[PDB]
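> Let me give you the structure first, and then I'll get to my questions.
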Amino acid sequence: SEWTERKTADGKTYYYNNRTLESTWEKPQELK
């Protein structure tokens, strides 16, 4: 649940996490 799924009106759902400072714009399976 540690990934931030933020649905912005930019027309994109980004999953930014400080784990790697990475943003996964494709939905990870290890998101839990």
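Residues are referred to by chain and number: the chain letter is A, B, ... according to the order shown in the structure tokens, the number counts from 1 in that chain, and ligands are numbered separately from 1 in the order shown.
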Neighbouring residues of residue 29 of chain A were defined as those with any atom within 12 Å, considering only C-alpha atoms; residues of the same chain fewer than 5 positions away were excluded. Please report them as a count of residues only.
3
> Residues of chain A in strand (DSSP E) according to DSSP, as a PyMOL selection string?
chain A and resi 4-8+12-17+22-24
> Just the residues within 12 Å of segment 7-9 of chain A, please, counting only C-alpha atoms, with nothing from its chain fewer than 6 positions along; format it as a ChimeraX atom specification.
/A:15-16,25
> Would you pick out the contacts of residue 18 of chain A at 10 Å or less, using only C-alpha atoms, so that residues sharing its chain but fewer than 3 positions from it are not included, and give the list as JSON, numbers by chain?
{"A": [2, 3, 4, 21, 22, 23]}
